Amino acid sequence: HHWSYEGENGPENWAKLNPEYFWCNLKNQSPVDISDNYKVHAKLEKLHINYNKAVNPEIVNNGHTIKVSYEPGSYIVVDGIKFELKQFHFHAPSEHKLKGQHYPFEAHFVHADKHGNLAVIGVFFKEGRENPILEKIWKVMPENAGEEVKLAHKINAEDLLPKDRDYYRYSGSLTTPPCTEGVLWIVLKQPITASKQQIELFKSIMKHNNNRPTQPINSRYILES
């Protein structure tokens, strides 16, 4: 009964598939179109990002994305709370839209506080210079679902963030089942770059687009730092 991005098990049917996926049909779902009608400017706190190197992380093709596990000890501080970075993974094209338009590629940095509350940092990619930290992961990326390899290199997830740290903030959900809500989303405004070849290798390995369609904003607003 595997959920997918297409067909009878695609995103419109996710909540039907499994009693745990009831969230996918509710009112505060992600991703969203970031458009002017419901974004406002606000005085938001500076992003506090405290990342160390991950030594030899595991790289997993779970059939829906390429996921990189992160060793404990790296965190962000939001609203006073520490959220520890657990993993990051990729979507092509982007899940979030900017005024109705996709980016070719999006990375999600998934964090959890000590009670398991989630915060995700989203980073957009535009075509351009090959990203060389991406190139370390791509070189060894398992091509088939359910496969895991150990990267024999150190990597720092900070190198996959823009230097400019202005952001959008809203309250949403995981974008794959079970689609749990109460997720803090922080989407960085400035994209970084990846090569067209890096993006296309990811797409052929994924074999299909792996972005969930944007969801109704409902009674939410998006905040802009």
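Numbers follow the displayed sequence, beginning with 1.
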{"item": "Of 192 to 200 and 169 to 177, the one with larger mean CA B-factor", "value": "192 to 200"}
{"item": "Which of 24 to 32 and 39 to 47 has higher mean CA B factor, as the PDB entry lists it", "value": "39 to 47"}
{"item": "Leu85, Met141, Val120, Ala107, ranked by C-alpha B-factor: the highest one", "value": "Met141"}
{"item": "Entry-reported Cα temperature factor of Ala15, expressed as the chain third it lands in", "value": "lowest"}
{"item": "Assigned third (lowest, middle, highest) for the C-alpha B factor of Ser4", "value": "lowest"}
{"item": "Relative C-alpha B-factor of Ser225, binned into the chain's lowest, middle or highest third", "value": "highest"}
{"item": "For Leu161, the third of its chain into which the C-alpha B factor falls", "value": "highest"}
{"item": "Assigned third (lowest, middle, highest) for the C-alpha B factor of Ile133", "value": "highest"}
